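Given as structure tokens, the chain that follows is alone and in the form deposited in one PDB entry.
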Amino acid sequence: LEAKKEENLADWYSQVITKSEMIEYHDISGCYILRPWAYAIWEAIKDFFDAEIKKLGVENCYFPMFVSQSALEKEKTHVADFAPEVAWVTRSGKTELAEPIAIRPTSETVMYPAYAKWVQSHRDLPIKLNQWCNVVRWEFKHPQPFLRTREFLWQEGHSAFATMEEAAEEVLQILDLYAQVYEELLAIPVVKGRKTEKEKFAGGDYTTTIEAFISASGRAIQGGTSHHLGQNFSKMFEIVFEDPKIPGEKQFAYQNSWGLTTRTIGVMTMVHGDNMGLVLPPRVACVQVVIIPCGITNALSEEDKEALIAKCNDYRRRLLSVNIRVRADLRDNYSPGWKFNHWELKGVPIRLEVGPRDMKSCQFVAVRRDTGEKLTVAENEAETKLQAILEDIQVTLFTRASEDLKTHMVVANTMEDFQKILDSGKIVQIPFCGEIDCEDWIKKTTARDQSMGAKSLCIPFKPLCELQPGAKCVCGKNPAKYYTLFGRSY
């Protein structure tokens, strides 16, 4: 690895995601190839998330990519926000078609007409559907793999309930899943909160969110969102039903929508990556343990070259037996030192070294990718020891990133202190009146004092400090409603 994370981070990132074989550049801007090492992490995330929503009654399905201009517009507020980023199909071959059709940037307006068709009684609610698919949002701002791409993969869940309590409860369940994905799987700590009025989802009443902190570039980033759409879409799309116990009067369904994307893998890379390359939390790596024959003195023995391979495979088969995702790298075209480096660049949690000298003592070497720490392990304790190290690595990664968060998110009560803290490369919980104007102000202001301006991240469900009765927002003007998390951002 050439660049250093601490110097040219954009160079460091572009190298780590290519030399770990995660990404490959396309000939169309802001479009990126997910090579298997990357796609496997997504599949791990998908495997977790999918089994969870299934438990909540959600079912998978698949809706068309194309949305007609009529349907796209039915919720004027929603379509306003997405309209410029929407790509439009115009011709098939040479035939310009009888209409411009839109590629989904999101699927509210593809799915919701059909929700109307499907809801005819109170019996037909709830409706809970999720789909894994690609969407397109065409922004010309300079793109970055995973973090900011023109096409990307995600899931989107869309639910519809008779009541609002039901819908309410789903929003927070989903956001807890998303929090788990970040914290249990990717070993990344997040802050759960509510988006501000400025920031919330176009259409719908409230947006909850989880935010993570990329200490390297000092910015924070949004990991996943869970929206309460209320009746906003319900009324534009005619998703209606007769309440049985309040007859004659028509009802509108309450609606949620929620999403998580491949940006997860980018956040994973930025938080955990080394000057030595990628590092993978055991819960998501394609391979957790790589077995490497080493100490082979070129031209020595062929009966021994065979006993060595046999030992490597004894290990693999035993690790497979206790559900460790293990690969034995037995290739003879590459040096042991080359293999050591290859799998380090790729971030495999544990490198397992088998050499003749070690075999003689009926034993081997386990090497942790996070700390670089070597441990000699007895051959008969191989399963239990490697389990324990993997899970210790999962823990270590998360606590390191935890403590990193805890010292880069601090409360600052005045616009003076909030500007110095924000410039030290941090994120801050300020007292905030909650107004759209005041928020637009802080953005311009913080970009003037000391090269972008801070944004609202979220209003933390569990904020650092209890906001005191006599408390002014950092604009002076209005008093403060709630401690609100602010910082520079992706």
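Whichever C-alpha set is largest while still superposing within 1.5 Å between the two forms counts as the rigid core. In case it trips you up, residue 1 is the first one in the sequence shown, and so on.
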- Task: Go through the other compared entries with residues on either side of residue 69 and state whether a third or more give it no coordinates.
- Result: no
- Query: How about residue 52: is it missing in a third or more of the other compared entries?
  - Reply: no
- Please count the deposited residues lying between residue 70 and residue 71 that the model leaves without coordinates, and give the class: none, 1 to 3, 4 to 9, or 10 or more. none
- Message: Per the record, averaged over C-alpha atoms, which has the higher B-factor: 48-56 or 458-466?
- Response: 458-466
- Note on the structure: For 242-250 versus 167-175, entry-based mean Cα B-factors point to 242-250
- So among 383, 392, 85, 211, who wins on Cα B-factor in the entry? 85
- Item | Maximum C-alpha temperature factor, selected from 154, 343, 206, 334 | 334
- Query: Mind checking which third residue 10 falls in for C-alpha B-factor across the chain?
  - Reply: middle
- Query: Is the Cα B-factor recorded for residue 283 in the lowest, middle or highest third of its chain?
  - Reply: lowest
- Query: Which third of the chain holds residue 295 when residues are ordered by C-alpha B factor: lowest, middle or highest?
  - Reply: highest
- Query: Within this chain, which third does the Cα B-factor at residue 145 fall in: lowest, middle or highest?
  - Reply: middle
- residue 138, C-alpha B-factor rank within chain (lowest, middle or highest third): highest
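Another form exists, deposited in another entry; not displayed. Remarks below refer to it.
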- Query: Where does the C-alpha shift reach 2 Å or more between this form and the one not shown among 396, 402, 313, 77, given a fit on the rigid core?
  - Reply: 77
- Item | Pair residue 207/residue 75, Cα separation in the other form versus the displayed form, closer or farther by 3 angstroms or more | farther
- Message: So the CA-CA distance for residue 74 and residue 125 moves by at least 3 angstroms in the other form. Closer or farther than here?
- Response: farther
